[PDB]
Amino acid sequence: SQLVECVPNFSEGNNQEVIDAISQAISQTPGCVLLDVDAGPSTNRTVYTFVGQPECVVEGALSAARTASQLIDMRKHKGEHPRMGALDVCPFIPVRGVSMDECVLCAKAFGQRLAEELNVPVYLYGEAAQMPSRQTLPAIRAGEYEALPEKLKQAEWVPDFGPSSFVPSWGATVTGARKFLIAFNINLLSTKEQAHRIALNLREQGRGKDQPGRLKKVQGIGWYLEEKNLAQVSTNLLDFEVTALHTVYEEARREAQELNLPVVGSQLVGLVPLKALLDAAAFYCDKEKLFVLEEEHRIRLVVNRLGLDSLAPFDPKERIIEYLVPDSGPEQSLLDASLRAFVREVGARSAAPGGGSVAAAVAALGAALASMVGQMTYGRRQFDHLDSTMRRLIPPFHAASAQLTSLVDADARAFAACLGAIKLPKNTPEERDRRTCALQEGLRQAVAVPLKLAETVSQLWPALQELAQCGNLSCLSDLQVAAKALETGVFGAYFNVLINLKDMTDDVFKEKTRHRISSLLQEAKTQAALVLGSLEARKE
Amino acid sequence: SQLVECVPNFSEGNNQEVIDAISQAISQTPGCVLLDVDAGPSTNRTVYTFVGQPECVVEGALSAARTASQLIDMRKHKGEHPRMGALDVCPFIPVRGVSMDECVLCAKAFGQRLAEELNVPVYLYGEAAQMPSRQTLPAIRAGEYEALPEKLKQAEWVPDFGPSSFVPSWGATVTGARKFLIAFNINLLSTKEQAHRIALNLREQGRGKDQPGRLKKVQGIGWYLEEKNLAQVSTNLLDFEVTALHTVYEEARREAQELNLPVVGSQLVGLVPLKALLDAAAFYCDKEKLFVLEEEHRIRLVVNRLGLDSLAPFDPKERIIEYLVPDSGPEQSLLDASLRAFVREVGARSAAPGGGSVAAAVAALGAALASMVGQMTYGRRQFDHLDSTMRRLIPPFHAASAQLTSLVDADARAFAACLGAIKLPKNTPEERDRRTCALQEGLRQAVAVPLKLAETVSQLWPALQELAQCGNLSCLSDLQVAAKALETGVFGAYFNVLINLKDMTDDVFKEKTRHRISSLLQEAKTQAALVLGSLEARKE
Amino acid sequence: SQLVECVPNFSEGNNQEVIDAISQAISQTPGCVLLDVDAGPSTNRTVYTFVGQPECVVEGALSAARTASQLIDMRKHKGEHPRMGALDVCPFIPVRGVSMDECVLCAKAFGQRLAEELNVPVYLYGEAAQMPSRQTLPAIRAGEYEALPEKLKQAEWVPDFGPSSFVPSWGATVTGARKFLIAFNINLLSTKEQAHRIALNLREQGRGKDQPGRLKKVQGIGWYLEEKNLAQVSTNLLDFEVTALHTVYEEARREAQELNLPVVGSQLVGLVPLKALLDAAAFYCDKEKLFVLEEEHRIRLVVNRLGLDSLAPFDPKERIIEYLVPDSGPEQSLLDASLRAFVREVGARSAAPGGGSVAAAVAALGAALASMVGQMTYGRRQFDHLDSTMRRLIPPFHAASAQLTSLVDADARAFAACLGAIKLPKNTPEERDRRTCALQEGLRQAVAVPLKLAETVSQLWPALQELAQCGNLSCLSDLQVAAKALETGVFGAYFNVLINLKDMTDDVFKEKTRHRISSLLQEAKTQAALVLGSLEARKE
């Protein structure tokens with residue numbers, strides 16, 4: 002969790018010893034993970050891609066520059082790509098959790114610590130650069146390599162970081178932060194000229210100046226795969242939030258049905274963020290009017306809808322960032338060791354798993370049961386008259402189910418942080434009144450999870466209630482347990498909040514939480530009942 | 002589960018091709034597992050050991066005889082051990098679950114099907130043989146190989162199975178069933194003469210006839226390890242239930258402290274049944290007045306107390322039968338897939354895990370919590386005044402905990418058998434009224450598990466109650482959840498019984514179970530309360 | 002050319018030595034090519050697939066039976082698939098050129114020569130069997146293996162070939178001929194119950210008896226891929242000519258949009274005939290209103306439209322029969338050796354390539370030019386007002402072009418057959434008057450090709466004429482050459498017909514052909530003119 006992508010643009014030099022050496026120092030930096038090293042001989046550069054935590058990535062960022070520092074002379078460099086330094090652009094993008102404003106500050110970090118530890122001209126670009134002339138990267142590339150022999154000495158071209166000095170084997174470097182960018186191609190069975198037409202009509206810059214295309218923040222052109230004999234509308238989604246991965250496709254689609262040319266799927270080039278193609282998914286269900294519950298299957302759909310496997314197969318387990326580098330943290334979850342392990346664990350001399358945890362798991366067992374009857378009352382003809390209802394309510398349970406299963410973690414994290422506080426020196430005014438202060442912020446979390454666990458289970462009630470009305474019938478049992486399990490879930494949640502609020506100071510927060518919690522318990526108590534009622538009175 | 006050991010005594014011609022060939026045909030028999038093949042060159046025989054289900058082992062038993070049939074000529078056999086056939090004794094012993102009487106019937110099976118499929122003289126011995134002259138194996142071995150040239154033709158020596166015929170390359174064979182036998186040696190730092198004295202005094206036959214030794218059903222002698230310069234009281238426990246593994250040791254111990262000779266531990270030779278050394282364990286706690294909760298640790302004790310690792314280390318994971326071949330069954334347990342797996346499973350379109358199962362797990366989470374507070378109130382000085390009580394009640398919870406964890410299985414088994422019935426032809430009188438009949442016996446089990454799940458949780462109540470009185474206090478929360486969890490456990494249990502009793506015919510059984518169940522639910526309802534009461538009124 | 006598929010159903014004893022041995026004897030038969038050997042352990046059979054000429058395949062068919070004859074004992078065979086013999090069904094299907102009626106006669110051949118060379122009961126089935134009870138294969142499989150112990154001795158079950166005898170290691174065999182069958186699955190993101198609903202609605206047998214499904218000659222069911230968590234409408238196209246590969250897909254498509262379930266592509270299982278998916282292609286252009294000229298590209302479309310690469314990629318170069326085994330013949334074509342080779346070849350002391358051949362090539366150069374200007378006037382905006390016309394005429398040229406390129410072969414074949422006749426003994430009445438007779442049938446062909454070459458070029462005239470009207474203009478030159486080239490093409494064609502008709506006897510055929518040819522030459526002469534006229538008068 003807290004993922005930032007970082008794509009250093011390395012001026013290849015062209016020769017293993019340089020590449021794999023940079024590509025190690027970056028991969029022997031703790032806290033980031035090396036995701037791909039694209040090298041291109043005729044372009045004579047190597048793009049490296051790696052993700053990780055805010056400060057961790059910056060290490061790898063500059064851990065990689067100090068290894069290329071003593072490995073590339075730009076004097077003997079000349080690639081067929083408008084390079085500039087030995088590290089041209091080195092941008093820092095969000096993936097999950099981290100917002101622009103952070104990525105802008107990572108750029109501030111790398112930029113400083115770099116020009117310092119080397120002595121080189123560096124200007125920050127994009128969502129970084131303050132001077133409103135530098136956000137465009139190609140503008141800074143002021144005619145590449147041979148520029149600094151005049152340009153790092155102009156009141157105009159003053160670097161945002163780093164002296165004004167010129168180094169023989171270096172050529173300036175540019176940090177920054179942009180939005181995540183996706184490479185998308187659209188397969189036309191047409192001709193390069195036509196394909197390029199279509200593209201001019203989609204892309205935002207449009208045919209020249211005045212008269213943009215249709216999609217905003219989509220840039221691209223017409224292209225032709227040589228070996229496949231296949232034309233391409235090759236594009237860059239500059240922001241998958243503004244213009245989506247499907248609204249490109251679905252649009253080029255129209256574009257082409259206006260000129261009677263078949264579109265034969267697409268390809269994503271490089272790595273993609275989960276959301277990009279997960280919104281896409283939701284789009285085709287919203288509009289095709291469907292019900293695709295399990296996430297994997299939503300990826301399966303949003304492939305096939307865009308024919309993403311047309312030029313090669315699309316291994317999502319290897320193409321998606323959030324899957325390439327999952328968000329674990331330190332030490333493994335109990336979530337991952339066998340049921341037997343979990344049970345015969347809480348009951349260890351474990352102060353560790355327990356109470357607040359079995360609360361969560363009993364509750365997640367709870368939801369999942371309701372989820373399952375939902376599905377047990379689904380598909381199979383006969384229940385048809387309820388498909389509309391089953392579709393409405395199977396989800397909240399299923400999604401809440403997993404969410405509570407995840408509170409098992411939350412709980413363990415909370416505790417360990419509470420423990421970290423407790424184990425904290427003491428005594429002298431500077432760290433007694435500050436040790437105390439963090440312990441309170443400890444409990445804070447400790448409290449907040451059970452509280453969530455309640456809040457969350459407390460929403461399922463009405464849908465549980467309705468599911469209990471119809472909803473197979475041969476799962477009567479399963480619903481009764483379900484009702485009862487979610488109930489004790491909230492009981493657990495309740496207790497666990499109280500016992501913590503005990504060591505809480507901040508009566509407002511307290512008194513308020515105290516009361517919120519109990520109502521929820523109360524609601525649980527009553528709600529659980531009628532469910533059980535309904536069921537009983539159902540017994541027909 | 003249902004383990005039978007089977008130790009064919011093979012007249013090893015002495016030569017790989019014979020051994021490893023038998024030892025495969027036995028190991029390529031489905032339903033048994035090959036545990037060890039002991040071969041002795043100067044004895045010129047090979048003892049094979051393998052376990053498994055009643056009928057499964059018999060296959061391997063006779064699957065191994067038909068491969069040695071066409072691989073050993075007794076004409077060129079002559080070992081320094083009183084052999085007789087190519088397969089001397091082939092006995093069948095219980096390990097767990099299967100009783101003597103069954104092992105006596107396996108002997109009946111192998112004996113028949115063998116002399117039939119070969120044409121050879123076979124007499125059943127031991128707990129088998131009916132003629133009260135044949136229970137002793139050495140009596141039948143009527144002077145080994147050269148005997149049948151006169152003895153398989155005597156109204157006296159008539160074989161219990163098989164013609165009376167003589168085969169050149171075979172020499173009769175003897176099936177049977179005995180009790181499980183352990184090889185036990187006792188290490189004396191003495192002399193072979195002395196060691197053998199000690200032994201005559203323990204062993205049941207004693208010094209000659211009249212005047213037996215002390216231990217019943219222990220036979221053995223004085224012996225001397227050459228390379229270690231170490232004497233040995235070498236014994237055979239003929240029945241670890243009558244005279245125990247420790248009562249031998251602890252006795253030789255006295256025996257030697259009567260003659261001022263040190264005893265320096267012991268060794269088990271071959272394989273041992275879990276109970277043998279698990280009772281032993283319980284002995285040293287009973288008498289040493291201790292509290293050793295976890296099973297492994299009990300093995301660790303009953304090692305060290307008998308110095309079982311003195312001649313080599315004792316790998317219990319590899320010496321104990323019940324560990325060598327665990328009692329799984331068909332397909333794996335859910336008990337073994339991650340907590341996430343279990344949750345995100347019951348809530349699958351699974352008719353399969355669910356209801357009755359989450360009942361069990363919520364209940365096992367329940368017990369384990371109470372167990373944990375017990376231990377959380379144990380050890381650490383301060384709680385001293387409660388050590389006596391903690392020791393008294395931590396167990397029942399802990400042992401019940403695991404027992405309910407195991408009902409997860411039970412449940413899944415029940416269901417699958419119920420399903421097996423349902424999926425059963427139908428229609429013609431022979432199999433409608435008999436399909437029906439098994440389905441009822443189906444539900445029977447389906448009912449019996451939740452019912453157990455209640456019964457079992459219903460015993461913990463009073464100890465829970467008392468643990469709730471004292472019992473740390475900083476686990477207040479943990480006990481409250483615990484109380485609540487066991488409660489809903491019984492709720493689940495309750496419902497699940499009812500819904501099955503619905504399709505039950507047999508109103509007596511019904512009406513009775515109906516009522517038993519509800520009382521227990523009731524008891525759960527009230528009992529759970531005061532626990533919660535006590536705890537609340539404890540809040541000091 | 003002349004392709005027949007042959008799928009022997011072998012009762013796989015299960016063990017390499019059996020499989021790969023059959024699979025060689027079949028692949029060491031000259032005139033057939035081994036296309037795939039599917040083996041299934043739990044089914045315990047191996048389906049072999051191979052293609053080739055009518056009589057050639059039959060060799061392999063029976064060349065494979067005589068090797069399995071002495072390699073499989075049905076006595077130790079027992080698979081989980083309703084087998085019968087060691088070679089269950091051995092059917093013979095058309096692929097290209099060969100008609101049913103031939104495939105029915107191949108079945109007549111294998112059936113006879115087999116039961117003869119072995120002595121076994123064989124009945125022909127399907128489009129073969131005369132008795133209207135045997136066309137259904139499962140009916141003959143009269144309860145598999147244990148049947149002949151009573152059934153090969155019933156006035157009823159009299160074999161259509163082979164005695165009535167029973168062999169221990171064989172179990173009867175069934176030849177026949179059916180239509181080509183495709184395995185097609187439709188990927189539903191639904192549930193197995195639903196998927197199977199959809200399927201009952203498509204398949205011809207429908208929900209039970211009375212009330213068939215929608216598609217005729219499509220049989221299939223509901224199915225579920227375990228590892229992918231993905232349901233499937235699994236079908237068999239029993240005749241891709243009656244119900245097409247797309248009309249299945251496009252129908253399941255509606256079927257599912259009636260129940261709001263997404264369909265996520267499909268998979269073809271095994272091998273497919275080119276036409277099946279080539280008609281499909283033409284369908285999506287007919288209805289999507291497009292222009293997809295080049296064949297490969299048409300496969301690319303009809304992939305993507307059915308998402309045929311969704312479960313794995315679809316390598317048409319390796320999935321399509323007509324591509325797996327192309328239709329070459331004896332010795333290579335000149336079509337395949339470099340332009341230099343061809344030129345510096347006709348002009349060898351070659352009686353061989355020449356005249357009639359350079360006729361064909363000059364003509365194919367002709368068409369291809371006109372084709373190219375068509376495309377040179379296509380795509381690129383500006384020529385928009387002509388897209389409709391360009392689409393109408395680019396093809397006939399392009400398709401005729403390749404067709405004439407293929408007359409290069411024709412010509413060479415003709416000649417070689419003419420030569421084969423000439424080189425034919427002579428002299429005695431039996432073979433002078435019969436040698437003569439074949440030589441005439443020689444010239445016949447020799448004539449027919451140039452004649453085709455004329456006829457074919459003679460159709461392009463009016464489209465050439467119209468293409469000459471508009472049609473770029475910067476290719477003026479290219480059209481002029483084109484006109485001129487097609488002209489001399491017909492000249493060549495003309496001469497070559499005459500010179501052969503010289504040795505022709507059959508004045509009717511002659512006089513008629515003489516005249517037809519000349520008119521065409523004439524037409525060529527005049528037509529070529531105005532084309533050239535138009536072009537000249539175009540010069541603006």
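Chains as they are written, first to last, in the authors' numbering: chain A, 2 to 541; chain B, 2 to 541; chain B', 2 to 541. A prime marks a further copy of an entry chain. Idealized CB from N, CA, C, for every residue including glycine.
Practice task
Output yes if chain B' places a C-beta closer than 8 Å to the C-beta of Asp434(A); else output no.
Solution key: No, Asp434(A) lies away from the interface with chain B' (no Cβ there is under 8 Å from its Cβ).
Exercise for the section: Would you verify that the beta carbon of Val48(A) is, or is not, closer than 8 Å to some beta carbon of chain B'? Expected result: For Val48(A), the answer is no, since every Cβ of chain B' falls outside 8 Å of its Cβ.
Problem - Between the CA atoms of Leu487(A) and residue 546(A) - distance to the nearest angstrom - result: Given that chain A is displayed from residue 2 to residue 541, the structure contains no residue 546(A) and the question cannot be resolved.
Practice task
Please name the residue in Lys193(B), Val249(B), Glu194(B) whose C-alpha comes closest to that of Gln220(B).
Solution key: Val249(B)
Practice task
State yes or no: is the beta carbon of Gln195(A) nearer than 8 Å to at least one beta carbon in chain B'?
Solution key: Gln195(A) counts as touching chain B'.
Practice task
Take every Cβ of the stretch 381–397 of chain A, pair it with every Cβ of the stretch 458–477 of chain A, and state whether three or more of those distances are shorter than 8 Å.
Solution key: yes
Exercise for the section: In angstroms with no decimal places, state the Cα-to-Cα distance between residue 546(B') and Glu252(B'). Expected result: Here chain B' covers residues 2 to 541 and nothing more, so residue 546(B') does not appear.
Handout entry: Which of helix, strand or coil DSSP assigns to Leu531(B)
Key = helix
Practice task
Can you tell me the Cβ-Cβ gap for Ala369(A) and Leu480(A), rounded? I've got them flagged as a contact below 8 Å.
Solution key: Not really, about 12 Å apart at Cβ, beyond 8 Å.
Handout entry: Residue ranges of each alpha helix (DSSP H) within the stretch 117–191 of chain B', 4 or longer
Key = 138–141, 149–152
Practice task
Could you name the residues of the same chain whose beta carbon sits closer than 6 Å to that of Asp161(A), not counting the 5 residues immediately before and after it, in chain order?
Solution key: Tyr124, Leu125
Handout entry: chain A contact for residue 551(B) (CB, 8 Å cutoff)
Key = An answer regarding residue 551(B) cannot be provided, because it is not within the stretch 2 to 541 covered by chain B.
Practice task
Determine, using beta carbons only, whether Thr489(B) comes closer than 8 Å to chain A.
Solution key: yes
Practice task
Could you please give the first and the last residue of the uninterrupted beta strand (DSSP E) stretch that includes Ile94(B)?
Solution key: Per DSSP, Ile94(B) belongs to the beta strand (DSSP E) from 90–97.
Exercise for the section: Could you check what DSSP says for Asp102(B) in three-state terms: helix, strand or coil? Expected result: helix
Exercise for the section: Show which residues of chain B have a CB atom less than 7 Å away from the CB atom of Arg341(A). Expected result: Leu336, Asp337, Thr406
Handout entry: Within 8 Å, strictly: CB atoms of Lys485(A) and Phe492(B)
Key = yes
Practice task
Return helix, strand or coil for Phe496(B'), following the three-state DSSP convention.
Solution key: When DSSP states are grouped into helix, strand and coil, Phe496(B') belongs to the helix group.
Exercise for the section: Check each residue of the stretch 375–409 of chain B': if its Cβ is closer than 7 Å to any Cβ of chain A, include it; give the result in chain order. Expected result: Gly380, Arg381, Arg382
Exercise for the section: Would you mind sorting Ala140(B') into buried or exposed? The rule is 16 or more other CB atoms within 10 Å of its CB. Expected result: exposed
Problem - Limits of the beta strand (DSSP E) - the one that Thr50(B) falls within - result: 46–53
Problem - Cβ of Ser43(B) within 8 Å of any chain A Cβ - result: no
Exercise for the section: Give every residue of the same chain whose Cβ lies closer than 6 Å to the Cβ of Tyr225(A), excluding the five residues on either side of it in the sequence, and list them in chain order. Expected result: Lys193, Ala232
Problem - Simplified DSSP assignment, three categories, for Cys476(B) - result: coil
Handout entry: Test: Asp280(A) CB closer than 8 Å to a CB of chain B'
Key = It does not: the Cβ of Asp280(A) has no partner Cβ on chain B' nearer than 8 Å.
Handout entry: Alpha-carbon to alpha-carbon, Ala129(B) and residue 560(B)
Key = Residue 560(B) is absent from the structure shown; chain B starts at 2 and stops at 541.
Exercise for the section: Along the beta strand (DSSP E) that carries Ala40(B), what are the first and last residues, could you check? Expected result: Judged by DSSP secondary structure, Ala40(B) falls within the beta strand (DSSP E) whose first and last residues are 33–41.
Exercise for the section: Decide yes or no for the touch test of the stretch 302–315 of chain A against the stretch 297–314 of chain B': beta carbon pairs closer than 8 Å, at least 3 of them. Expected result: The stretch 302–315 of chain A vs the stretch 297–314 of chain B': in contact.
Exercise for the section: Whole angstroms is fine: what's the gap from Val293(A)'s alpha carbon to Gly357(B)'s? Expected result: 28 Å
Problem - Inter-residue spacing [alpha-carbon to alpha-carbon] between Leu302(A) and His247(A) - result: 12 Å
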